[PDB]
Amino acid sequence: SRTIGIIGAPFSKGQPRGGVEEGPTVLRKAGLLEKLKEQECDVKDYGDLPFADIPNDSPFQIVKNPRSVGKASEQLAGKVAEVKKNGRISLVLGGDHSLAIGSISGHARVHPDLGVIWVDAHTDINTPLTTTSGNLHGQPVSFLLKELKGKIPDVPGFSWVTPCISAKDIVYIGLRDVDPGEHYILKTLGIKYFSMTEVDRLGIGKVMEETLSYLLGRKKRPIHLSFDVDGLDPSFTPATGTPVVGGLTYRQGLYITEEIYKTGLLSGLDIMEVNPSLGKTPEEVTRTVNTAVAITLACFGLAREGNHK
């Protein structure tokens, strides 16, 4: 069938609010393993990677925690190749979406041919020289992008990085807050993206068919879904660090995942940007966490129409 390879990643130095490290914990305690098990799958729990804080991690210009971040992605990069090595799907319940540099790295080391689906309200493609806020959780893509190589400077922590995916091989879904420089990158590189504008025009039914035919048209290669919880409307996932209104509906989040699942080409998965601490009432934490589990499971089989052996 499809074997799962779990990697907990309680990292938060890719952005300001630390709580995001609570993700693996909360995710796990919400009953993620048993639920996957209730389905058809050999869950391999490679545990939570221990990250040793970098004592002297002085900024690169305005970029905070570069080494702290770059190593977490390096550590994670190795691991992710080990699970893809044991012929299993890599499942990364992350902290901040900066780890994406890591996930996609180890995955590519194995399947350099993969295709990416970036579900997120943000592009996360700012470079170390375009970032305004200066947080790394919003620049992962620019490190992975081949056509962007040369645009990216030499930052402490990422000597190891080698651009793996090309502009013609990633698709964005759920975008509604792109920085002026990120938009310039989007249109100039010719990146395929479905902002909330297109989801409204085509509906999620057409959006999914187009993303997948655009990705799996020529060849049937490995798929990597980087999933940022803030891709969905804050009424479904309120406990995120950077939420925007006009997001994807509970149902829309479930359609994407069921459709990706259905192709059976998923090789890598990451569930990012959830921070229970940032939720208002205790139920908003429940609402953001449960919704998160409700999506992971759909990726691994669960369909609203039913299942059976």
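The first residue of the shown sequence is 1; numbering continues from there.
Between the stretches 191-199 and 126-134, it is 126-134 that shows the larger average CA temperature factor. Stretches 231-239 and 212-220 differ in mean CA B factor, with 212-220 having the higher one.
Residues shown: 178, 89, 101, 119. Highest C-alpha temperature factor in the entry: 89. Listed residues 156, 115, 140, 174 were ranked by CA B-factor as deposited; 156 comes out on top.
Compared with the other modelled residues of the chain, the Cα B-factor recorded for residue 25 ranks in the highest third. Among all modelled residues in this chain, the alpha-carbon of residue 270 has a temperature factor (C-alpha) in the middle third. Annotation for residue 284: CA B-factor lies in the middle third of the chain's modelled residues. Per the PDB record, residue ranking by Cα B-factor puts residue 75 in the highest third of the chain.
In the deposited entry, the Cα temperature factor of residue 37 sits in the top third of values across the chain's modelled residues.
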